[PDB]
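Source file: work_28.tsv (TSV, C-alpha atoms)
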chain	number	residue	atom	x	y	z
A	157	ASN	CA	127.05	241.53	43.93
A	158	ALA	CA	123.93	240.43	45.83
A	159	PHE	CA	121.38	242.46	43.87
A	160	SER	CA	122.58	240.62	40.77
A	161	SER	CA	121.60	237.23	42.17
A	162	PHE	CA	118.34	238.65	43.51
A	163	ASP	CA	117.39	240.08	40.11
A	164	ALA	CA	118.36	236.80	38.45
A	165	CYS	CA	116.04	234.77	40.68
A	166	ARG	CA	113.35	237.41	40.14
A	167	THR	CA	113.51	237.27	36.35
A	168	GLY	CA	113.59	233.48	36.56
A	169	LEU	CA	110.29	233.45	38.43
A	170	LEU	CA	108.78	235.88	35.92
A	171	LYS	CA	109.85	233.71	32.99
A	172	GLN	CA	108.44	230.66	34.77
A	173	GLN	CA	105.06	232.36	35.10
A	174	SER	CA	104.99	233.42	31.45
A	175	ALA	CA	105.96	229.97	30.19
A	176	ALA	CA	103.36	228.35	32.43
A	177	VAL	CA	100.62	230.56	31.02
A	178	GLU	CA	101.67	229.85	27.43
A	179	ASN	CA	101.97	226.08	27.86
A	180	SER	CA	98.65	225.84	29.70
A	181	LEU	CA	96.93	227.76	26.90
A	182	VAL	CA	98.40	225.47	24.25
A	183	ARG	CA	97.48	222.27	26.10
A	184	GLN	CA	93.96	223.52	26.84
A	185	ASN	CA	93.34	224.45	23.21
A	186	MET	CA	94.60	221.08	21.95
A	187	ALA	CA	92.33	219.23	24.38
A	188	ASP	CA	89.30	221.31	23.40
A	189	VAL	CA	89.91	220.75	19.69
A	190	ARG	CA	90.20	217.01	20.27
A	191	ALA	CA	86.93	217.03	22.22
A	192	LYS	CA	85.15	218.89	19.43
A	193	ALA	CA	86.42	216.39	16.86
A	194	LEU	CA	85.22	213.51	19.03
A	195	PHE	CA	81.81	215.17	19.29
A	196	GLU	CA	81.49	215.43	15.51
A	197	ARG	CA	82.58	211.80	15.11
A	198	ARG	CA	79.91	210.80	17.62
A	199	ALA	CA	77.35	212.82	15.67
A	200	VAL	CA	78.08	210.98	12.44
A	201	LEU	CA	78.08	207.64	14.25
A	202	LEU	CA	74.67	208.46	15.72
A	203	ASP	CA	73.39	209.32	12.25
A	204	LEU	CA	74.68	205.91	11.12
A	205	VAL	CA	73.48	203.94	14.15
A	206	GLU	CA	70.66	201.44	13.69
A	207	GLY	CA	68.13	199.85	16.02
A	208	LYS	CA	65.11	200.71	18.16
B	65	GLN	CA	106.57	249.20	107.18
B	66	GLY	CA	103.57	251.52	106.97
B	67	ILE	CA	105.74	254.57	106.31
B	68	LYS	CA	107.66	252.70	103.62
B	69	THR	CA	104.37	251.51	102.11
B	70	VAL	CA	102.94	255.04	101.92
B	71	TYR	CA	106.09	256.31	100.22
B	72	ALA	CA	106.06	253.34	97.84
B	73	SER	CA	102.41	253.92	96.94
B	74	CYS	CA	103.15	257.51	95.96
B	75	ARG	CA	106.26	256.51	94.01
B	76	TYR	CA	104.41	253.71	92.22
B	77	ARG	CA	101.59	256.05	91.19
B	78	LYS	CA	104.06	258.52	89.69
B	79	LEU	CA	105.96	255.67	88.03
B	80	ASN	CA	102.83	254.21	86.45
B	81	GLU	CA	101.96	257.61	84.99
B	82	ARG	CA	105.47	258.07	83.61
B	83	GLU	CA	105.60	254.55	82.17
B	84	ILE	CA	102.30	254.96	80.32
B	85	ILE	CA	103.35	258.30	78.85
B	86	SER	CA	106.76	256.92	77.86
B	87	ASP	CA	105.30	253.92	76.05
B	88	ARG	CA	102.89	256.18	74.18
B	89	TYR	CA	105.75	258.49	73.18
B	90	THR	CA	107.67	255.49	71.84
B	91	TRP	CA	104.60	254.44	69.86
B	92	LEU	CA	104.33	257.96	68.44
B	93	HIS	CA	108.01	258.00	67.48
B	94	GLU	CA	107.66	254.78	65.51
B	95	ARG	CA	104.48	255.98	63.79
B	96	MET	CA	106.14	259.26	62.80
B	97	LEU	CA	109.06	257.35	61.29
B	98	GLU	CA	106.55	255.31	59.30
B	99	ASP	CA	104.87	258.53	58.15
B	100	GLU	CA	108.21	259.92	56.97
B	101	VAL	CA	108.90	256.73	55.02
B	102	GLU	CA	105.45	256.94	53.43
B	103	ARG	CA	105.95	260.60	52.50
B	104	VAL	CA	109.19	259.65	50.75
B	105	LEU	CA	107.54	256.70	49.00
B	106	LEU	CA	104.67	258.78	47.62
B	107	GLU	CA	107.22	260.66	45.51
B	108	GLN	CA	107.97	257.51	43.48
B	109	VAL	CA	104.33	257.22	42.38
B	110	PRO	CA	104.11	258.15	38.67
B	111	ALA	CA	102.23	261.23	37.52
B	112	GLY	CA	98.50	260.57	37.52
B	113	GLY	CA	98.72	257.75	40.04
B	114	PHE	CA	98.58	254.02	39.45
B	115	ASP	CA	96.45	252.34	36.79
B	116	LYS	CA	94.42	250.18	39.17
B	117	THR	CA	92.44	248.73	36.24
B	118	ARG	CA	95.21	246.68	34.61
B	119	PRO	CA	97.99	244.54	36.09
B	120	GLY	CA	101.31	246.24	36.67
B	121	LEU	CA	103.20	243.35	35.06
B	122	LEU	CA	101.66	241.43	32.16
B	123	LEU	CA	103.36	238.04	32.30
B	124	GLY	CA	101.68	235.97	29.61
B	125	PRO	CA	99.48	236.05	26.52
B	126	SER	CA	95.68	236.13	26.48
B	127	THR	CA	94.51	234.42	23.29
Rewrite the structure from the file as structure tokens, please.
Amino acid sequence: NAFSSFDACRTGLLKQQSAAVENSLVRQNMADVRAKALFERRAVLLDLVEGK
Amino acid sequence: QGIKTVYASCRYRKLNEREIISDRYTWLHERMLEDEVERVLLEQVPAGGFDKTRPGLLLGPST
């Protein structure tokens, strides 16, 4: 009756860790893609810029 | 007082010896219990030992 609760809390922590890893990966990848897109936009704007 | 002090000196010497040996025997008893526990634990190790290269529990993707 006590090992049940212990195992429940245990599996909860494990699931927390897995979900954290997955969500962090997703967020990181989205941010990196956005940064790359911004870099390309800046490249085209520098090709279009004018002055001296 | 001098007679009592002589007797007490002898008794205290013997008692110090006995106390040291007793504490060391207690230490040894505890360590032997630990050794028994370890000998029983080593039976649960899988055949071939542990794979110390990888993690025991893989708890997330690696993409």
When the cut-off is 8 Å and we count all atoms listed in the file, which residues of chain A are near chain B, given as a ChimeraX atom specification? /A:170-171,173-175,177-178,181
Quote the spacing between CA of residue 96 (chain B) and CA of residue 84 (chain B) in Å to one decimal place. 18.4 Å
Exercise on region 194-206 of chain A, axis-aligned box with 3 Å per side, report centre and edge lengths in Å to one decimal, as lines of an AutoDock Vina configuration file:
center_x = 77.9
center_y = 208.4
center_z = 15.2
size_x = 20.6
size_y = 20.0
size_z = 14.2
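Put simply, CA of residue 105 (chain B) is 27.0 Å away from CA of residue 168 (chain A).
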